[PDB]
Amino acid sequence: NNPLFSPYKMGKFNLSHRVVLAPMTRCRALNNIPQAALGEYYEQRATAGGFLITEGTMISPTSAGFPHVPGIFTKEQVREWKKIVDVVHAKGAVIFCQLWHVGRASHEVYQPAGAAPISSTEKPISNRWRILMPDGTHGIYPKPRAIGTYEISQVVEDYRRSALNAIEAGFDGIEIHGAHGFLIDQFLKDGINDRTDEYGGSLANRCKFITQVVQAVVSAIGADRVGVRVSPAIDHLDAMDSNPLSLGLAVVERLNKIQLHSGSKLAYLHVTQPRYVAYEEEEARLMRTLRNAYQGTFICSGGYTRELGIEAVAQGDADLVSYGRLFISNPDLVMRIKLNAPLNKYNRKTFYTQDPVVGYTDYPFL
């Protein structure tokens, strides 16, 4: 029997199988408003008892660094998300909204009034990386503005309000994007965070921001509706730490403590496999070390296949396995994995284009 199709209780959510739609930015949410195309896309991939995580979603007007990504900070956005959540729920799926602030991984073109993006630091991403522009060219990451503690508290409140908005739209929960060199990771990683106040220096201080964000959303909507994504070891946007495993374990310790204090477990911890990039024994052991340390559900992501996902669940390395690129090109990926049916190729050229159909909803079913 296939271990990916054993049921799993993710808190109060009864999942029928362990194949998860990973969060993926696709840039079809024109003008940051969820569009009907998103409803068709998520409906195609929804299954009864299956778990879906949305594309990263803006928590505020300054949180974007990609074109046409959805927000959930306005009532117009909430109204349009509600239509998408309804069609997914009609298929029996569980769906979480990923809350995403890019921090310094932005550009004047994505910021109100062309202002500088915000970060923990004034250090820019280096010129080894270039940002996708709305016209399909690539631009230069600018120097960010380093925020003070008042502004940090405002950003935490943006997460809190967005979590409440997600519940209003009908989402089952939210995921905190704390990975991949974006705003939260710019506080976590000692290769970025050069602060001398209470949010920088020590490992404890670098973990303060993610702790406050998670506590804020747990207080607002309940721990069992909150997932947290991190990537202590990742090659993306100059987000390195001198001791990735200790960083990961410090975050896990904080999450365990939040659960004890709240008297409830989070929905899950979601960790990117260090092998995953946008453009091996030590890697696997880092994943298992974090899993063994965390008191709760563990989702693994990054480079998984049918065989590797089966291995992960069978060996106890993870409870759930999220798939990205193969879910782009296989709307019925869950069914194909169950049947061991051949998978369709994906076309990177249309990952981030705006067409509501081409490269988005026109990948065929079996």
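When you see a residue number, it is the position in the sequence shown, counting from 1.
- Going from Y150 to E151, you skip over nothing: the modelled chain follows the deposited sequence without a break.
- As listed in the deposited structure, the average C-alpha B-factor of 183 to 191 and of 199 to 207 is greater for 199 to 207.
- Of the two stretches examined, 283 to 291 and 220 to 228, the record assigns the greater average C-alpha temperature factor to 283 to 291.
- Out of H270, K83, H177, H107, it is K83 whose C-alpha atom has the highest B-factor in the PDB entry.
- Taking the deposited Cα B-factors for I95, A250, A113, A163, the highest one is held by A113.
- Compared with the other modelled residues of the chain, the Cα B-factor recorded for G136 ranks in the highest third.
- Placement of the Cα temperature factor of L308 within the chain: highest third of the modelled residues, per the deposited record.
- When the CA B factors of the chain's modelled residues are split into thirds, the value for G263 lands in the highest one.
- Ranked by C-alpha B-factor against the other modelled residues of its chain, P117 falls in the lowest third.
- Among the modelled residues of the chain, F351 sits in the lowest third by CA temperature factor in this PDB entry.
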